[PDB]
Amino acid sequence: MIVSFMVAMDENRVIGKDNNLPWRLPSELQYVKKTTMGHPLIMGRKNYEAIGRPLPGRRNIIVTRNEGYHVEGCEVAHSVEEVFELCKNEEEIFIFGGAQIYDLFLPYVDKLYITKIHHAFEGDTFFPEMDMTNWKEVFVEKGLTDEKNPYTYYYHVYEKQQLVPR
């Protein structure tokens, strides 16, 4: 099971402003949709409520400590262990955010899909710092910038840098 971070962030790692994306880039969201197709989306409750609804074609799994928390068309997990058990047969899952959710899955992450937006927005939640020396870029692509997607941004994908033995 591949554990993958799926994230869009600005030049200071902003991922949200008052439980919202500070930007509107439909093309980016269509990239997310294409990329996570057939695979679970793992998200914290706040991330989920900020998104607004179950994202179709997709196993939506909500991570909250709240044991009474239920929403229709979703699965709820209360810990990382619970998620791994729910996804026992999955090829790959996408940790979909909540800064706190990324931190929870950090010791398990194998793959990073990071959209970097070349701009500084106002924000209050951040993608946590990571040591990128442990990571190796395998794919990059400049996002579509137009009327509907005003900012410049790039899709990046990273895998573990393998150590050469001494």
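By rigid core we mean the largest C-alpha set that fits within 1.5 Å across both forms. Don't overthink the numbering: it's just position in the shown sequence, from 1.
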Greater root mean square CA deviation, 26-34 compared with 96-104 in 6 other deposited structures of this protein, core aligned: 26-34
Name the stretch, 140-148 or 14-22, whose C-alpha atoms sit farther from the shown form on average in 6 other deposited structures of this protein, taking the rigid core as the superposition reference. 14-22
Got a sec? Mean C-alpha B-factor, which is higher, 133-141 or 66-74? 66-74
Tell me which stretch, 97-105 or 56-64, has the higher mean Cα B-factor listed in the entry. 56-64
Per the coordinate record, which of the options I117, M43, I114, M37 holds the highest CA temperature factor? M37
Tell me, lowest, middle or highest third: where does the Cα B factor of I2 rank within its chain? middle
Assigned third (lowest, middle, highest) for the C-alpha B factor of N12: middle
